[PDB]
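What follows is the residue order along each chain.
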Amino acid sequence: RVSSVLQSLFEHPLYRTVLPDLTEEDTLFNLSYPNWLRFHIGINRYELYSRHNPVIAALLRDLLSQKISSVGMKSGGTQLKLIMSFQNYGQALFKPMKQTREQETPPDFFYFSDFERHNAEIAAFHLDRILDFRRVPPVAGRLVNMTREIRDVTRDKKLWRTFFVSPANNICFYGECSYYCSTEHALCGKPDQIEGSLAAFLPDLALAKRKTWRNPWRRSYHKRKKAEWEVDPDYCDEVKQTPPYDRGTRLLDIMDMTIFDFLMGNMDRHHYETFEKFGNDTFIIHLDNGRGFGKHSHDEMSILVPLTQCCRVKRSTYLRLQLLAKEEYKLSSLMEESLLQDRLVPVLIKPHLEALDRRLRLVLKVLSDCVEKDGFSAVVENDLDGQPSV
Amino acid sequence: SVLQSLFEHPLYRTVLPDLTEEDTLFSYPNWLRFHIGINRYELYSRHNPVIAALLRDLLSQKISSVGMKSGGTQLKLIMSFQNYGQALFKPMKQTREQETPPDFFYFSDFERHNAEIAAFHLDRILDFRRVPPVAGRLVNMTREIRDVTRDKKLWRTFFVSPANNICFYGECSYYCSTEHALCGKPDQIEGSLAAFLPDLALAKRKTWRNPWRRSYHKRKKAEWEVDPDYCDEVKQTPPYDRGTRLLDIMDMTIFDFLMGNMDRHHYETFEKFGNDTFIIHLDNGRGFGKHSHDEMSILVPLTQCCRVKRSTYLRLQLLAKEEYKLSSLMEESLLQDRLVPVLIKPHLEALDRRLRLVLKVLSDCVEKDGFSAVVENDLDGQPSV
């Protein structure tokens, strides 16, 4: 028996935050179901699943071992991403292994040429859960027999067409997308298991409209052309006076996400989604994290710029960030503790967990330098009145 | 409302680059707010309530002066309004049930106002935003045409037909005679007010020849009509191997094929921006003349060049799904003009049938040059699907 670094964290009062009382709204759905459906009705205005909730732990197990019954290909997608639909009518999104565990993105790669890797999708779910955001839909890693579980169970002529046997006698496939869907970029098992991330599926858009927002620090997905925030140091004085960003719980929720993204090095956060039925006053669904954890010896400061320009965070997430730096807690050991509960262990190589620590204290220094320029209270909003003390 | 569902889909939430001091061409009047909103990439915005309100001005603003556009194929009038902004007026030359005869050449075809209107909505549904706004309008040809002109050459052509109806024909070339007059029943004619682009004094326009321009003569075929490898060389000639230009011609040539408009002999740009802007899809009046015939000659630019934008390809596929699809989305927005029905039902169904031919021309072309070689990617950094 061993002591859990993760057990100490979830006992701490900064992780015993209670939500407001939920009315008839704030629920998305009126109301022994499958675990994927119990996850859907558990979605409310503030979070995506809530703390603990043994459904999420058991829903991650369903993604691991439920029989894959049908597979289809998201046509016209960003890169190759598959849709797995299971025996219990719930489905999931599948991103296969594109890069090895030791690899880093080349330095000369643009953010829009980067590979999407299953390690980030998985690890982002755990990192977000450890920061008590609870905004990433649950995702479990899975080894898939790419013959019986991908090719032989699809009636999609375009995904089936790309399966071949390489001169190495391995089974390969690549589908038909835009980035890295060619014979020279095929995905080959050794010889017939490929590995990938099964991301639980958010409720069908028929019964849960989702507003898609532009985020104001969206990069100029062009070379030789900088974006507005890249030239104007007072860019956020103007964004906090623009509609949806002067009323929340919104600039502060973007500061949560933009600290999330910096910790992983994910600079491809050009949009964020909301649940619409709740309005301009709900949380940000942290989706599409596939671009993180590509570089571990490099910290991308561009992502933090929203924080240096806007200069305000939530108090809840500020003290947790400070707690995630204390040696008795701290991202690194708190992350491989959870990340060991996936089948794909190690889902993050040891230098990437080490990079979480270094990037974290850069966030604390950007807040300390920024709290030492606008003063407290102007920088740190207070969402802890009526919450466990410290 | 099927049109409500379309503009919620992410393929219609494309965002622009940040606009610099350039990329801009420049309680105002609505036509002037339309001018200053013209930028490098588009001509308006997906509301932008100015555009919708500019069509109401074209419908019901008081006509203050009318002039005659000299030397045209047919009659076109210049209506200038109470607020000094003007528009181009094309009167009704064809009824709704008529089709262009089969023995007609593309260069003998009439311009009909219903096509000018429907082309604007079709273009807005393809998220192009390249056609100047146009609204349909019934004009009392006494109070709003004859009695408010100081061009005696236009006023002189008003007469009374043996049927006690009010007629006029103007003075152009070849279809401006007593036998081609436009007669109300008894004094309303109906026509299309096409909004006017900014004056060329303060907004120069370069006009380009397109390489698939037909040889506007009988017997003589054009260059691209004999060489199936015509575009192997056209993508190596100056202006067409740098854009966003070949890609913009494929946008325009898919636009034109959908309407059957085979009279696209030239296209204009705004110059102030250079070789790197959008193509203003102007004067689309030759489309929607035939609904029982799909003119494949228009598509040859697509089979020869074999490349589209991914932006417009995915929308083309979307406009084919039964939950969206051109037909119902077109009569919905064509129901918001005064001239209802501006498109007869067989013409809207042909919009669907012609679409599935374009989607077939790309799939046959995407499985022979492959993705990436055929479909350029401009959706990096745009909303996911």
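## A closer look at the pairing of strand β3 (residues 86-91) of chain B
Residue and element names in this part refer to chain B.
Right, on to step 1. Taken across its six residues, β3 has five buried, putting it largely inside the fold.
Right, on to step 2. Note that strand β2 (residues 77-81) and β3 share four bridges and pair antiparallel. Looking across to β3, one finds that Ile78 is bridged to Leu88.
Right, on to step 3. The antiparallel pairing of β2 with β3 creates a hairpin that spans four residues between the two strands, and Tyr84 there sits at a positive phi of about 65°.
Right, on to step 4. In this sheet, strand β8 (residues 191-195) lies alongside β3 in antiparallel orientation, the contact comprising five bridges. Paired with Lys90 across the bridge in β8 is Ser192.

## Section: unusual backbone geometry
Right, on to step 1. A cis amide bond links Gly248(A) to the next residue, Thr249(A), at an omega of 5°.
Right, on to step 2. With respect to the helices and strands, the residue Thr249(A) is situated in the loop between α6 (235-239) and α7 (251-264).
Right, on to step 3. That bond from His47(B) to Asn48(B) is cis: its omega, 10°, falls within 30 degrees of zero.
Right, on to step 4. Looking at the element boundaries, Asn48(B) is found in the loop between α2 (30-36) and α3 (49-60).
Right, on to step 5. Even without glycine at this site, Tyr180(A) takes up a positive phi of about 70°.
Right, on to step 6. Locating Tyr180(A) in the fold gives a position in the loop between β6 (171-173) and β7 (187-188).
Right, on to step 7. When its relative accessible area of 19% is taken as the criterion, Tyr180(A) is described as buried.
Right, on to step 8. Its identity is not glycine, yet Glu276(A) carries a phi of approximately 65°, on the positive side.
Right, on to step 9. Structurally, the position occupied by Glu276(A) is in the loop between β10 (271-274) and α8 (305-310).

## Focus: the sheet that holds strand β4 (residues 139-142) of chain A
Residues and elements named next belong to chain A.
Right, on to step 1. Reading across the sheet, the five strands line up as β1-β2-β3-β8-β4 and stay open at both edges, with antiparallel pairing between neighbours. Either end of the sheet is taken by a strand with one partner, and the two such strands are β1 (68-73) and β4. Neighbour to neighbour, the strand axes of the sheet diverge by 30° on average, direction disregarded.
Right, on to step 2. Of the strands in this sheet, β2 (82-86), β3 (91-96), β4 and β8 (196-200) touch helix α3 (residues 54-65), which is tilted by about 30° from β4.

## Section: the pattern of salt bridges
All names here are of chain A.
Right, on to step 1. Summed over all chains, the structure comprises 56 salt bridges over all chains.
Right, on to step 2. Residue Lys95 is joined to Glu121 by a salt bridge in which the shortest nitrogen-to-oxygen separation is 2.8 Å. Taken together, the positions of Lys95 in strand β3 and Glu121 in helix α4 (residues 118-130) put the pair 26 residues apart, joining distant regions of the chain. Each member of the pair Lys95 and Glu121 is classed as buried.

## Quick notes on the nonpolar core
Where a protein is soluble and globular, its nonpolar side chains tend to be buried together.
Right, on to step 1. Ranked by internal contacts, the top residues of the largest apolar core, which has 113 residues, are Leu82(A), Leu127(A), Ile150(A), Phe173(A), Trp217(A) and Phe275(A).
Right, on to step 2. With sequence-adjacent residues up to four places away left out, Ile150(A) is seen in contact with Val71(A), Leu82(A), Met84(A), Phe94(A), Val144(A), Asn145(A), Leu159(A), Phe163(A) and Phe173(A).
Right, on to step 3. Ranked by size, the runner-up nonpolar core spans 109 residues in total, among them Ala87(B), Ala119(B), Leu197(B) and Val374(B).

## Remarks on the state of the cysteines
Residue and element names in this part refer to chain A.
Right, on to step 1. Applying the stated criterion across every chain yields a total of eight disulfides over all chains.
Right, on to step 2. The disulfide bridge from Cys172 ends at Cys188, spanning 2.0 Å between sulfur atoms. Its torsion about the S-S bond being 110°, the disulfide of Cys172 and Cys188 is classed as right-handed. Note that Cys172 is positioned in strand β6 and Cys188 in strand β7, a separation of 16 residues in sequence.
Right, on to step 3. Regarding the disulfides, chain B carries the connectivity 1-4, 2-3, 5-6, 7-8 under sequence-order numbering of its bonded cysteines.
Right, on to step 4. Here the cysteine-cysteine linkages of chain A are recorded as 1-4, 2-3, 5-6, 7-8, numbering only bonded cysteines and doing so in sequence order.

## Some details on the packing of helix α9 (residues 310-318) of chain B against helix α11 (residues 345-369) of chain B
All names here are of chain B.
Right, on to step 1. Across the interface, α9 lies against α11 with an axial gap of 10 Å and an inter-helix angle of 130°. Regarding the angle of α9 to α11, the classification is oblique. Where α9 crosses over α11, the handedness of that crossing is left-handed. Of the residues in α11, those in contact with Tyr313, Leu316 and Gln317 of α9 are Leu355, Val358, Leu359, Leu362 and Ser363.
Right, on to step 2. Residues that form the contact of α9 with α11 fall into these classes: six nonpolar, two polar and no charged.

## Examining the sheet that holds strand β5 (residues 159-160) of chain B
All names here are of chain B.
Right, on to step 1. Ordered in space as β5-β6-β7, the three strands form an open sheet in which the pairing is antiparallel. In this open sheet, the two strands that pair with only one neighbour each are β5 and β7 (182-183).
Right, on to step 2. Where strand β6 (residues 166-168) lies against β7, two bridges are found, and the strand directions are antiparallel. Across the sheet, the residue bridging to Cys167 is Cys183, located in β7.

## Remarks on a negative patch on the surface
Right, on to step 1. Residues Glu228(A), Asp234(A), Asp237(A), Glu238(A) and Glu21(B) make up a contiguous surface patch of negative charge.
Right, on to step 2. Position of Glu228(A) among the secondary structure elements: in the loop between β9 (211-214) and α6.
Right, on to step 3. For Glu228(A), a relative accessible area of 37% corresponds to the partly exposed category.

## Concerning helix α11 (residues 350-374) of chain A
Right, on to step 1. The terminal C-alpha atoms of α11(A), which comprises 25 residues, lie 37 Å apart, in line with the 36 Å expected from a rise of 1.5 Å per residue.
Right, on to step 2. Of the residues one or two after α11(A), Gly375(A) is the one with positive phi, at around 75°.

## Considerations on the packing of aromatic side chains
One pair of aromatic rings is described through two measures. These are the centre distance and the angle between the planes.
Right, on to step 1. Under the counting rule described, the total for this entry stands at 29 aromatic pairs over all chains.
Right, on to step 2. Both rings, one in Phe105(B) and one in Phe107(B), keep their centres 4.8 Å apart while their planes meet at 10°; by these two values the pair is stacked.
Right, on to step 3. Residue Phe107(B) is classed as partly exposed on the basis of its relative accessible area of 29%.
Right, on to step 4. Ring geometry for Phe159(B) versus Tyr169(B): centroids 6.3 Å apart, planes at 55°, classification tilted. You can see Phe159(B) sitting in strand β5 and its partner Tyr169(B) sitting in the loop between β6 and β7, a full ten residues away along the chain.
Right, on to step 5. Aromatic rings pair up to connect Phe109(A), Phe115(A), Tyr179(A) and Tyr180(A) into one cluster.
Right, on to step 6. Geometry around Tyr111(A) places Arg219(A) over its ring, the cationic atom sitting 5.4 Å from the centre.
Right, on to step 7. When the ring centre of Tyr15(A) is taken as origin, the NZ or CZ atom of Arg320(A), which lies over that ring, is 6.0 Å away.

## A short note on the environment of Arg124(B)
All names here are of chain B.
Right, on to step 1. Position of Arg124 relative to the elements: it lies in helix α4 (residues 113-125).
Right, on to step 2. The class for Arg124 is buried, based on a relative accessible area of 16%.
Right, on to step 3. Sequence-wise, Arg124 and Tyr44 are 80 residues apart; in three dimensions their C-alpha atoms are separated by 9.7 Å.
Right, on to step 4. For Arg124, the contacting residues outside a window of four places in its chain are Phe7, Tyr44, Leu55, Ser333 and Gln336.

## So, α7(A)
Residue and element names in this part refer to chain A.
Right, on to step 1. Its 14 residues place the ends of α7 20 Å apart at the C-alpha level, agreeing with the 20 Å of an ideal helix rising 1.5 Å per residue.
Right, on to step 2. Counting buried positions over the 14 residues of α7 gives 14, a clear majority of the element.
Right, on to step 3. Note on α7: the residue one or two positions beyond its end, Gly265, has a positive phi of about 75°.

## Here's the deal with the interface of chain B and chain A
Right, on to step 1. Across the contact, 16 residues belong to chain B and 20 residues belong to chain A.
Right, on to step 2. Together chain B and chain A conceal approximately 1,600 Å² of surface at their shared face, both sides included; 44% is due to carbon and sulfur atoms.
Right, on to step 3. For the interface between chain B and chain A, the tally reads two salt bridges.
Right, on to step 4. Across the pair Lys209(A) and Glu8(B) runs a salt bridge whose closest N-O atoms are separated by 3.5 Å.
Right, on to step 5. Linking chain B with chain A are six residue pairs in polar contact, by the criterion used here.
Right, on to step 6. Among the residues making up the side of chain B that touches chain A, the classes are represented as six nonpolar, five polar and five charged.

Reading guide: rules and limits
Residues numbered from 1 in each chain as written, not as in the entry; some residues may be left out. Chains lettered and ligands numbered in written order. Part of a larger assembly, values for the part shown. Heavy atoms only, no water. Buried < 20%, exposed > 50% of the residue type's maximum accessible area, 1.4 Å probe, protein only. Helix = DSSP H or I, 4+ residues; strand = E, 2+ residues; numbered from the N terminus. Pairing = 2+ DSSP bridges. Axes fitted to C-alpha atoms, helices over the stretch in contact; angles between N-to-C directions. Contact = heavy atoms within 4.5 Å. Salt bridge = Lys/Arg side-chain N within 4 Å of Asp/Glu carboxyl O. Core = buried A, V, L, I, M, F, W, Y, C linked by side-chain atoms within 4.5 Å. Disulfide = S-S within 2.5 Å. Parallel < 35°, antiparallel > 145°, perpendicular 65-115°, else oblique. Left-handed = near helix turned anticlockwise from the far one by under 90°. Nonpolar A, V, L, I, M, F, W, Y, C, P; charged D, E, K, R; others polar. Patch = residues over 30% accessible without salt bridge, like charges linked within 9 Å, V, L, I, M, F, W, Y side chains within 5 Å. Areas by Shrake-Rupley, 256 points an atom, 1.4 Å probe, with all protein chains shown as cover. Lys, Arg positive; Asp, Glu negative; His and termini not counted. Charge placed at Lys NZ, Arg CZ, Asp CG, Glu CD. Expected span 1.5 Å × (residues − 1). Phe/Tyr/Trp six-rings, centres within 6.5 Å; stacked < 30°, edge-to-face > 60°. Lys NZ or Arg CZ within 6 Å of the ring centre and 35° of its normal. Buried area = accessible area lost by both parts, 1.4 Å probe. Polar contact = N/O pair within 3.5 Å; in protein donor to acceptor, adjacent residues only side chain to side chain.

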